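Each chain is listed here by its residues.
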Amino acid sequence: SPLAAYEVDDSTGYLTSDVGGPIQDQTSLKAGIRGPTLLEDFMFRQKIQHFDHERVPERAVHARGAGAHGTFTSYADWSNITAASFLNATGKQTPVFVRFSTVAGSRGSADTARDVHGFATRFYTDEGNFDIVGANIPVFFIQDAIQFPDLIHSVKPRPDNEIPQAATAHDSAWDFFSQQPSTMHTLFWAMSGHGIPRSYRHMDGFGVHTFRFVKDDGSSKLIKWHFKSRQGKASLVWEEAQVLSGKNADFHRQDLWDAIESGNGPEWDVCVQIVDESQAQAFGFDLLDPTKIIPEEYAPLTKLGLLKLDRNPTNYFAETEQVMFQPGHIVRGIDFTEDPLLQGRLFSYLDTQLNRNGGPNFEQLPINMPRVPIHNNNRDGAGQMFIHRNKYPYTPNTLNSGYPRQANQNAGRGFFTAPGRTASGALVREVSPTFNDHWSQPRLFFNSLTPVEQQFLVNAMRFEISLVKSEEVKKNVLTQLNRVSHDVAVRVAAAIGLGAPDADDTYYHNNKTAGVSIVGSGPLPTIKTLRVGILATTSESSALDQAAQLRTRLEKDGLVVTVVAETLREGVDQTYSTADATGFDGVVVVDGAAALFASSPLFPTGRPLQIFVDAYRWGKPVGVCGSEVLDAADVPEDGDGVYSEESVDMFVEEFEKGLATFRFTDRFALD
Amino acid sequence: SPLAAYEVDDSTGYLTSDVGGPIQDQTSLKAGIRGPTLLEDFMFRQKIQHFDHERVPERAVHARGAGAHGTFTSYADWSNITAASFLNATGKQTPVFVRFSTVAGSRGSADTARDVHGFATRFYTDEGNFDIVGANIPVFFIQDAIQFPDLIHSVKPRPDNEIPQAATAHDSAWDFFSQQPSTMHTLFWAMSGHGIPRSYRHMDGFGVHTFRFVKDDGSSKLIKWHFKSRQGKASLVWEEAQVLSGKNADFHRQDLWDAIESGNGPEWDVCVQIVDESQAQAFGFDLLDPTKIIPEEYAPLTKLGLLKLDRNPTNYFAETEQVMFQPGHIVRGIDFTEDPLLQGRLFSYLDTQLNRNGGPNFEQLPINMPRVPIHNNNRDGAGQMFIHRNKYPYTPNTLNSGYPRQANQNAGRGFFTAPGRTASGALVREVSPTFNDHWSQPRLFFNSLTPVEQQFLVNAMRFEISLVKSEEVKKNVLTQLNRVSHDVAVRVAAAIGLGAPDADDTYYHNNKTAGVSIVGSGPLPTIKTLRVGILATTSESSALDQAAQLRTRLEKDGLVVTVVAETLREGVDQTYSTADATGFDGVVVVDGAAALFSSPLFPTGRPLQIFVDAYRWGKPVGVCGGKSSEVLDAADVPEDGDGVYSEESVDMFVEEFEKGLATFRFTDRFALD
Amino acid sequence: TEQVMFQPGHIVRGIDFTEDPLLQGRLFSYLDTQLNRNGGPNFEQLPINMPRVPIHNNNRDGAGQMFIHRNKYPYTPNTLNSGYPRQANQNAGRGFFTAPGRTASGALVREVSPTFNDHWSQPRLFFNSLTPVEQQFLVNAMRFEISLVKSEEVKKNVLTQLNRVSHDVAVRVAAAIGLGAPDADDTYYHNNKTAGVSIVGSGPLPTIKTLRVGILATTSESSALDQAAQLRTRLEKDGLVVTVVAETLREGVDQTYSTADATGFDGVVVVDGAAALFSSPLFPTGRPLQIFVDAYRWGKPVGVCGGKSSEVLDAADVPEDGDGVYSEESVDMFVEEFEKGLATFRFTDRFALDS
Ligand code: HDD
Ligand code: HDD
Ligand SMILES: [Ca+2]
Ligand SMILES: [Ca+2]
Ligand SMILES: [Ca+2]
């Protein structure tokens, strides 16, 4: 609503200055037709000054990201467990804005870099903005917010030459991981398929930290936020993600945009794990430690409501660039814990927005405004957009009749700290001994991946560690890996021509936990929005008909279908020149096109076959609809996820189960 | 190092605050061991506040770029054409700093996006900092500075969703180009190989605008700045640039950094075309028009001196991120012309630094300081570093004895505007009709490309234009292209399924100019720094020995060799898992490795695909050891192809392969329309 | 008030600039300086700076961007937003336009035009147009300021300049600083005068509404408060702002002597029942009288109301027959005479002139 009021329409009218004076902006005012430009040309200077000043500093982390508006709907009245107003009635709807992001890249870096991902959600509640500034991955790299700049420095480009962009595949990062063992758990997650998700819709969201739900009577329980995707979980393979980074840097933002535009907005079940205060240390680790999960085995999820994203921004800069999230945006009914990572975060987000906005009034930007009235004594500052009528902005006052009133546990639905919370002991800069096990949970995570998933994770480490220059850092990395799993270290060391150190089983175990594997999560529950590339030819009128018949049959099941040929024409969406296997979730070759797969000026040599071959190498469902063609490709007709049918209807029935399975993992060699 | 004075050493010592108090920075102060963090913890807040404020706004354009220090050395005493002090004596040396960049992409975007490129040079002269803020391409898109935000909005990502990053391949850019025909010239350079240069070192530099050289006697001449690369000109191919963008987004900055570190700092001859004032309209077009070149046939280059980059920065943020160039940094001996694109630039560069630096004292940053005393009455402002002794900072004064003194043509070596310059006429926002021909010079450019270069250009157009959604915009684009060359409009039209409109020959001609063709500038004058990848194997003790012998021989000639194998060990630099054809200018397979041409250690087909990509992208490729037919047949590479090598002898192999590296690209391998 | 960001560059169709070199440069400064003040480029979006008509342009982004722009093709020329916003000029859209008869000719110069070289005749025109008393005030101001310049070469330099405007000003100013003026230099002397530049000579004020009347009274005498109340009623029905001062505050009393001062009023009236005040823990010694003497010495109308006036006038050393000095028994006849003095505003005959 603050959003609609500030929309500006330029679909009609004459050019004006920012003060409403009609003007032109196509030619400079000059002293003669071939003369120098004039200082008094105010039209020139106001336009160029605005241009000179368009940029604002990028976020210190999560600079590359994309957002969408939507709705959260509560499933019940949750007053039994929380005082939160947005959760207080069945069907109660609250508007949201979500931004998704990578962590390390600058603002024009590729969506498909291997990274941890941000998932930040704002609830515009009727008791104030509430932000959950969360992740695709449930655990964080470090145990104390004071270490955040050390971690970020080491993962961001080397500061002498600023290389490499958006990547942990360099000496400093692995130096840091190998010296700071708290990093192991998140490192394993970022090195698994979670670090290269197929889209934002296909990842979960986590609050990471333990928070509190606080009832109106003052009792509290400990919670973890889990946003469970209704789209299913899916990842790219590394070799594909790299190619994508170069063919389409905007892949996730495009995906999110197109999904919303076509009536396929993504959905998540907003859940919590709920446990009592007395369980803080009961699960074999400390719930204040943000490098640990509570296994679903020990605490099941409760579904609180539905998060849907269904409307794209009108102006990316005003909305997605300017949105300023804060864990300090909290509402009555939620409270913090003494998690030292969370504690420090609270300071940074208030402070960093002065850098981004250049002024203290950043909560006045329409995207940051609340949906309820604002009553407070904050005044002045650069960019002040309000005109305050209260001329006695101090408490206590009589001159404004004691208004605004103080709000607290008793009065005005005020936020209040959980009254059971205590502190005791020395004032210390000490790490709690309860935080010292850095290795068991990464091992638990590794144990829970499938063999092929475990191979991708080894291969991700082999790829990155093989890029570290320093022999010493490489040894130190094997030393830490070895403490999670001797086998991982052995397999990683084989690729870099070092010996692993000897097994040190202090942290080894064989336990698994549910819901952390991508492959093990079964086929996608929907295939709407998946992309099919039909490779075809303009040489053969049969090929274009086979393509058009396939199209209409695939399009009904909500697939995004692209017909590729040599040149554009009615029915053909893309040329071979611009097509790549990374553009598709499945590739079908119509047999009418068999000639193309054996040279042309309209595209690079071998392109049509390379699309098909890349798709197959990368685990994707591939088919031919009419063969011989499977041989030019070296693709075995009998392989799973390879479809050969003469029939159009049976091709599609079969191929769609492919899309659902999504990736065919038997095509990947194991150690 | 020229900025040694401002360096901070942290190779020893205990951590301190910014005010010198020794502290720790690894654990927050808590009320109890599992307690909440205390507001009184200043160590935490100073450290996080700094981090929270590390970012500054990126440049409005040319956000993505990289820089290095060097030296300029004058070849002569140039007082016969200019009063400029940095050009006044043979062998006079002046510290420079240069920054290269793309134009449209944000920080983080890929070096090998197709784009125009920035080439910005600072000369820290004994008479003030002088900046030439130039380009890799000699002509700009538009003829009046006021249109810059229109050009930049149309080519930058669409503002509802911010897509696509660093790319002109979308409707808004082509709408602009088709509606604004001044764009055609620059557009044809961008669509050629100049849009995707092999490295910063393989591109030329241009001032773009006509400037003036001014002598101490007040006479002047019109100049164009040309920086001619001593490394030769080389481009990538589009299909390769795209893969590189994703395999190494840092490709040009790394190429530059490594070149300087290995003692191969890149060089340019800094040159000018000089012409008389009265030739402003003599060459068939207006010298005030930044969309036009003076063909070299009409005004030859004079070499003024040598530009050499030979030192990397110590801190990228402090040096490269913060360097703030301005065409307003001008020195006596040089002046502006009435080019309306230049005239307006003067305003923007001074203003935009307030944005980046967040305060008025940006010239006090070390990278922006001059190398001579500053005497002026500028005072205060946020971030003021100086402590000025003169308490009477106004002119005229007697209380500081009339100092600082006024500098001008006749006293103090003052800057002065060329005394012969005049203005006459009405005060107008009109375009000179001498600027109206937008098409003859893009046609001149197209004609001077070899037939394969012309095919690449057409293919870059087909690639981008086929991605424009709007059929109207696509039609409007063929209309403009058609005014340049009917042939280009036909061939592009074919890719997108639309008829080219009827020939319109007002601007067609057959004229050619020297020195704009990359593929026709002969073989590279040097191969030092070029990258050779040797594919090899650990299965065979003999493949690693062929690789070692081959390494030794190639490295002798200053080439950068990478041995690739399944796994690293002594003498192996990279695994197949990380290697790609984009990492090399030439690929050799040692014939001990024939068998590789499936494993858990690299994706299926990777070794063969490296060789096949290298061949398909025009690179010299070969097989060394003497048995070649098994590698070559697996790859479908004919043994007698130009740029395909097979020899038993290491010595003989290398001599032939080095000729291929100089040819650089084997253009016989790409189809023509 | 603090955020309002004025610009001479905020101009509308029908007005234009001239080549005044002072004006010309100002045009650059005000656009640039609001970046400093606002800390970001969107300062026209502050409420006080907003226009009252629709804004249609392709300016975007920047810190503090309050607008959410619909148009996703903010470039000209475009087809994808149908060529909107349209260009405004002389012939379409009521565009601003530079005055079409303006031209420039000549060298590009950093030179002062010689037409600007007479710096002295107009200051002399101005000085000649002030009354004798106004002349003394101007001379006194210079004597005040130049007497605080430490540099004896600066004072000499100042006399040289003043001398070219008026020898007499130079001589009169030099007398206050013990320096001799230099010899008359009459290149720019003249006798012309001009209307409209004198304050003391622009007549009595055309209105006295809002002028401030201090009524000095006492709580010792309840008839002094009655006299003050009576005086209040008849002054306020003419729109004067009236303040009754006494030792302490009570009904009818606005200010205490402790906070009262002659700078707080345009006229001072003492009610004759308060004559005794003219020492206490409640205000500084001599305060009630000093209020009266100050107002008198600054040329304000002053008076005593009620009929016994000589105790007050004598203590103040104010002559009963002086212009601007009123003494009447009747409140009504008092107010009528006093209100004429308020309009005269200043009684210039209380200040000495150089011979
Ligand atoms: C004390 C430093 C610090 C620490 C320990 C963290 N962060 Fe943070 N975070 C920031 C300091 C920060 C920041 C510098 O303040 C950012 C940059 C821009 C902004 O709004 O805040 C930020 C941005 C940011 C964003 C982008 C918000 C958006 O899209 O606009 C997300 C999703 C996260 N963070 C999430 C996390 C998670 C899940 C953490 C660990 C559990 C975490 N942060 C720890
Ligand atoms: C009226 C505005 C305007 C116009 C018409 C131009 N530019 Fe510009 N240019 C800018 C306004 C600008 C800017 C917004 O002021 C930048 C961004 C940051 C900065 O320092 O200046 C800039 C940056 C910039 C850089 C980056 C310098 C660096 O590495 O920091 C280069 C090389 C150029 N420009 C070169 C050109 C060339 C060759 C042009 C046409 C001949 C041109 N510009 C026209
Ligand atoms: Ca590093
Ligand atoms: Ca577009
Ligand atoms: Ca600021």
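Residues numbered from 1 in each chain as written, not as in the entry; some residues may be left out. Chains lettered and ligands numbered in written order. Part of a larger assembly, values for the part shown. Heavy atoms only, no water.

- In the PDB header, X-ray crystallography is given as the technique by which the entry was determined, and 2.25 Å as its resolution.

- Per the PDB entry, chain C is named CATALASE-PHENOL OXIDASE, and its organism is Scytalidium thermophilum.
- Per the PDB header, the title for this entry is "Probing the active center of catalase-phenol oxidase from Scytalidium thermophilum".

- The PDB entry annotates chain A as CATALASE-PHENOL OXIDASE of Scytalidium thermophilum.

As for the overall build of chain A
For step 1, the next point in the chain: For chain A, the helix and strand inventory stands at 17 helices and 19 strands.
For step 2, the next point in the chain: Radius of gyration (C-alpha) of chain A: 28 Å, near the 26 Å computed for a compact globule of 671 residues.
For step 3, the next point in the chain: For chain A, the spread of C-alpha atoms along the three principal axes comes to 90 × 85 × 55 Å.
For step 4, the next point in the chain: The buried share of chain A, reckoned over its 671 residues, is 65%.
For step 5, the next point in the chain: Put simply, chain A shows about 23300 Å² of open surface, and 51% of that area lies on carbon and sulfur atoms.
For step 6, the next point in the chain: Once the 60 positive and 83 negative side-chain charges of chain A are each reduced to a mean point, those two points are 6 Å apart. (Helix = DSSP H or I, 4+ residues; strand = E, 2+ residues; numbered from the N terminus. Rg over C-alpha atoms; globule rule 2.2 N^0.38 Å. Buried < 20%, exposed > 50% of the residue type's maximum accessible area, 1.4 Å probe, protein only. Areas by Shrake-Rupley, 256 points an atom, 1.4 Å probe, with all protein chains shown as cover. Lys, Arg positive; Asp, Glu negative; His and termini not counted. Charge placed at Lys NZ, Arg CZ, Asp CG, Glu CD.)

Considerations on the domain arrangement of chain A
Residue and element names in this part refer to chain A.
For step 1, the next point in the chain: Per the domain assignment, the segments of chain A are domain 1 (1-427), domain 2 (428-526) and domain 3 (527-671).
For step 2, the next point in the chain: Contact with domain 2, which involves eleven residues of that partner, is made by twelve residues of domain 3.
For step 3, the next point in the chain: In this assembly, domain 2 and domain 3 are joined by two salt bridges.
For step 4, the next point in the chain: In this structure, the salt-bridge partner of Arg491 is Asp671, at a minimum N-O distance of 2.9 Å.
For step 5, the next point in the chain: Across the domain 2-domain 3 interface, the total number found is five residue pairs in polar contact.
For step 6, the next point in the chain: With six residues, helix α11 (residues 451-465) is the single largest residue contributor to the side of domain 2 that touches domain 3.
For step 7, the next point in the chain: Within the side of domain 2 that touches domain 3, the residues separate by chemical class into seven nonpolar, two polar and two charged. (Domains from an automatic or database assignment. Contact = heavy atoms within 4.5 Å. Salt bridge = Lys/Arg side-chain N within 4 Å of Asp/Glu carboxyl O. Polar contact = N/O pair within 3.5 Å; in protein donor to acceptor, adjacent residues only side chain to side chain. Nonpolar A, V, L, I, M, F, W, Y, C, P; charged D, E, K, R; others polar.)

What about the pairing of strand β14 (residues 560-565) of chain B?
Residue and element names in this part refer to chain B.
For step 1, the next point in the chain: Within β14, five of the six residues are buried, which leaves the element mostly enclosed by the surrounding structure.
For step 2, the next point in the chain: Two elements, strand β13 (residues 531-535) and β14, share five bridges in a ladder whose sense is parallel. Paired with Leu535 across the strands is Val564, a residue of β14.
For step 3, the next point in the chain: Remark: the β13/helix α13 (residues 541-555)/β14 crossover connection has right-handed handedness.
For step 4, the next point in the chain: With two bridges joining them, β14 and strand β15 (residues 574-575) adopt parallel strand pairing. When the sheet's bridge partners are listed, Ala565 is paired in β15 with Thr575. (Pairing = 2+ DSSP bridges. Right-handed = clockwise from strand over helix to strand, strands pointing away.)

A closer look at the pattern of salt bridges
For step 1, the next point in the chain: Taken as a whole, this structure holds 97 salt bridges over all chains when the rule is applied.
For step 2, the next point in the chain: Note that A:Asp131 is salt-bridged to A:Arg122, the shortest N-O span being 2.8 Å. Judged on exposure class, the residue A:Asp131 and its partner A:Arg122 are both buried.
For step 3, the next point in the chain: Between C:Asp354 and C:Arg143 there is a salt bridge, with its nearest N and O atoms 3.1 Å apart.
For step 4, the next point in the chain: Accessibility expressed as a relative area gives 26% for C:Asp354, which makes it partly exposed.

Describing a nonpolar patch on the surface
Residue and element names in this part refer to chain B.
For step 1, the next point in the chain: On the surface, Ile374, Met385 and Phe386 cluster together to form a nonpolar patch covering roughly 300 Å² of accessible area.
For step 2, the next point in the chain: Tracing the chain through its elements places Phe386 in the loop between α8 (340-357) and β12 (422-428).
For step 3, the next point in the chain: Since its relative accessible area comes to 32%, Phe386 is described here as partly exposed. (Patch = residues over 30% accessible without salt bridge, like charges linked within 9 Å, V, L, I, M, F, W, Y side chains within 5 Å.)

Side note on the sheet that holds strand β2 (residues 103-107) of chain C
For step 1, the next point in the chain: What the three strands build is an open sheet, ordered β2(A)-β12(B)-β2(C); its pairing is antiparallel. This sheet does not close on itself; its edge strands, each paired only once, are β2 (30-31) of chain A together with β2 of chain C.
For step 2, the next point in the chain: Pairing geometry for β12(B) and β2(C), over five bridges, is antiparallel. Within β2(C), the position partnered with B:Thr422 by the bridge is C:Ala107.

Quick notes on the interface of chain B and chain A
You'll often see interface size given as the accessible area lost when the parts meet.
For step 1, the next point in the chain: Across the boundary between the two partners, chain B contributes 124 residues, which contact 126 residues of chain A.
For step 2, the next point in the chain: Buried area between chain B and chain A, summed over both chains or domains, comes out near 10900 Å², and the portion from carbon and sulfur atoms is 55%.
For step 3, the next point in the chain: If you sort the residues of chain B by the area they bury against chain A, B:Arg34, B:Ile146 and B:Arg429 come out on top, with a joint share of 8%.
For step 4, the next point in the chain: Along the contact surface separating chain B from chain A lie eleven salt bridges.
For step 5, the next point in the chain: Here the side of chain B that touches chain A gets nine residues from one element, more than from any other, and that element is α8(B).
For step 6, the next point in the chain: Grouping the constituent residues of the side of chain B that touches chain A by class yields 46 nonpolar, 44 polar and 34 charged.
For step 7, the next point in the chain: Where β2(A) meets β12(B), two bridges bridge the pair, whose relative direction is antiparallel. Across the sheet, the residue bridging to A:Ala31 is B:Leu427, located in β12(B). (Buried area = accessible area lost by both parts, 1.4 Å probe.)

Concerning the coordination of the iron atom of ligand 2
For step 1, the next point in the chain: The sole protein-derived ligand of the iron atom of ligand 2 is B:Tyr349 (OH), positioned 1.9 Å away.
For step 2, the next point in the chain: For B:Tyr349, the location among the structural elements is in helix α8. (Donors = N, O, S within 2.8 Å, 3.2 Å for Na, K, Ca; no water.)

Some points on the site of ligand 1
For step 1, the next point in the chain: Near ligand 1 you find 26 residues, and of these A:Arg59, A:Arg99, A:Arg345, A:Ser348 and A:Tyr349 are the closest.
For step 2, the next point in the chain: The environment of ligand 1 is shared, with nearby residues belonging to chains A and B.
For step 3, the next point in the chain: The side chain of A:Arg59 places a nitrogen or oxygen atom 2.8 Å from an oxygen atom of ligand 1.
For step 4, the next point in the chain: With respect to ligand 1, the side chain of A:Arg99 contributes an N or O atom lying 2.7 Å from an oxygen atom. (Near = heavy atom within 4 Å.)

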